[PDB]
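A single chain, nothing else alongside it, follows as structure tokens in the form deposited in one PDB entry.
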């Protein structure tokens, strides 16, 4: 099985090699959440120096040219409805992004939430359980490009 399409999603491994989170390539940058303390599983992207950003709970660095082209796209505009992440659908109902209960957990931060067109829309960081559903803590961006970091009361970071 030849995988002729380039990765844009990478694993953030600890010192044992357990995958504890994810890093992604979007809008000219490699970007992972600051709180995941591990290395990016890639020969090139790990030797780069990342710029922390506590405010947004993010670390980033600019991608090495030949990779910049094969990177995601972000869309500021995003309607209520349903979006999709790795474990299925993600709902959007006025400000909150929610998935079912017991689906997301530790290791899922840095995973994007995207539309059916394949453009990124948010970045998971953790999630607030609410009995029936789980209110995700995302990192979105507006029409201008201002980084917003929505965080529900009682969030366990992932």
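Residue numbers count along the first chain shown, from 1. Each form is matched to the other, and the largest set of C-alpha atoms that superpose within 1.5 Å is called the rigid core. Shifts are known only where both forms have a C-alpha.
The form deposited in another entry is left out here; the points below concern that form.
> Can we say the CA of residue 19 moves by at least 2 Å between the shown form and the other one when the core is superposed?
It does not reach a 2 Å shift.
> Using a superposition on the rigid core, decide whether the Cα position of residue 147 changes by 2 angstroms or more between the shown form and the other one.
Superposed on the core, residue 147 moves its C-alpha 2 Å or more between the shown form and the other one.
> Given a CA distance change of at least 3 Å, are residue 148 and residue 30 closer or farther in that other deposited form?
Here the pair is farther apart than in that other deposited form; there, closer.
> Closer or farther: how do the Cα atoms of residue 57 and residue 147 compare in that other deposited form versus the shown form, where the change is at least 3 Å?
Relative to the displayed form, residue 57 and residue 147 move farther apart in that other deposited form - a change of at least 3 Å between their C-alphas.
> If I superpose on the rigid core and flag every C-alpha moving 2 Å or more, which consecutive runs of 3+ residues come out between the shown form and the other one, in sequence order?
Flagged stretch (3+ res, CA at least 2 Å): just 145-153.
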